[PDB]
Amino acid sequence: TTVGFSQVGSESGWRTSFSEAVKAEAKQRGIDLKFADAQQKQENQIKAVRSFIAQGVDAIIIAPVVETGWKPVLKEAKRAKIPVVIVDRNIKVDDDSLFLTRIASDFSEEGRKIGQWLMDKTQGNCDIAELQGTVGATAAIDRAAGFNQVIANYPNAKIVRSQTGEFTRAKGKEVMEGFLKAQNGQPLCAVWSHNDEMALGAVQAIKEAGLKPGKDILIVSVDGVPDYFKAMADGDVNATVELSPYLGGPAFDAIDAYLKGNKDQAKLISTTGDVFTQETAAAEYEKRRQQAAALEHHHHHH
């Protein structure tokens, strides 16, 4: 089987771990993976997908950067009789026959679990700064929606500052610096970061402001990357929800079934991770530091 995979980019360590996981799962399954990196631009994804259709691949997997603008290319794939699996983020389309299925976590559930954890931690008394993900990304929209739905139940919890950090470490840091300046000395209880990458940038801004991240300002997030588990083990951040980078597997199963002639296929197959905190961070970082450092030995190329 030849399968084209259109990846978003490399904005976070989570994302690059996802790319490495898909490549590793393809290899396990003897699949010829045409991997494309779009460098954060939807237009590059559309181009990759077009090329996959021109090359006559057996299936296409798309991790869509934003939700809009996919219908024309999906219709092209359909006319070409090439099944499409969506992974990670979502697309907004009016006809679900334009894809085979979607393999994803429940981002609203991720936002709900981390929000609940924070309310429990702070007994519902918490001024929060939000570092948002990229505009139009399902992961940002839905994590915000879920967190917001939990904190609406708690009158003494409120989001006092909210701005995009673009899912990146450098922009998370810059934004967090800005927040700390705008607070004008008023304590923040917590930072809610849509991903661990921005959260780790926030940690450095907090330190530079002479405050103790993980103690004075709580830091809660999503992804469960090893560097964040390390930070939790060190006391600098508090909690994250794990986001499995192994979505390729169920994507390849769905493709394998479709090619073998299976007709009955659900349109969404989903499982969501658990909240991890400092309580198990020493134990968990140990397990994760090698499932990690496999990737650190990989070879550099574009």
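Numbering starts at 1 and follows the sequence shown.
*Asks:* Output the stretch having the higher mean C-alpha B factor in the entry; the candidates are 75 to 83 and 168 to 176.
*Replies:* Averaged over C-alpha atoms, the B-factors run higher in 75 to 83.
*Asks:* Select between 230 to 238 and 26 to 34 the stretch whose C-alpha atoms have the higher average B-factor in the entry.
*Replies:* Averaging CA B-factors over each stretch, the winner is 26 to 34.
*Asks:* Given 110, 88, 120, 94, identify the residue with the highest C-alpha B factor in the PDB entry.
*Replies:* When the deposited C-alpha B-factors of 110, 88, 120, 94 are compared, 94 is largest.
*Asks:* Hey, out of 214, 124, 224, 136, whose CA B-factor is highest in the deposited coordinates?
*Replies:* Largest recorded C-alpha B-factor: 136.
*Asks:* Just say lowest, middle or highest third for the CA B-factor of residue 163 relative to the other modelled residues in its chain.
*Replies:* It falls in the middle third of the chain.
*Asks:* Just say lowest, middle or highest third for the CA B-factor of residue 146 relative to the other modelled residues in its chain.
*Replies:* Tercile = lowest for this residue's CA B-factor.
*Asks:* Quick one: classify residue 185 as lowest, middle or highest third of the chain based on its Cα B-factor.
*Replies:* It belongs to the highest third of the chain when residues are ordered by C-alpha B-factor.
*Asks:* Classify residue 3 as lowest, middle or highest third according to the C-alpha B-factor given in the PDB entry, relative to its own chain.
*Replies:* CA B-factor rank for residue 3: middle third.
*Asks:* Could you tell me which third, lowest, middle or highest, the C-alpha B-factor of residue 291 occupies within its chain?
*Replies:* Residue 291: CA B-factor falls in the highest third of its chain.
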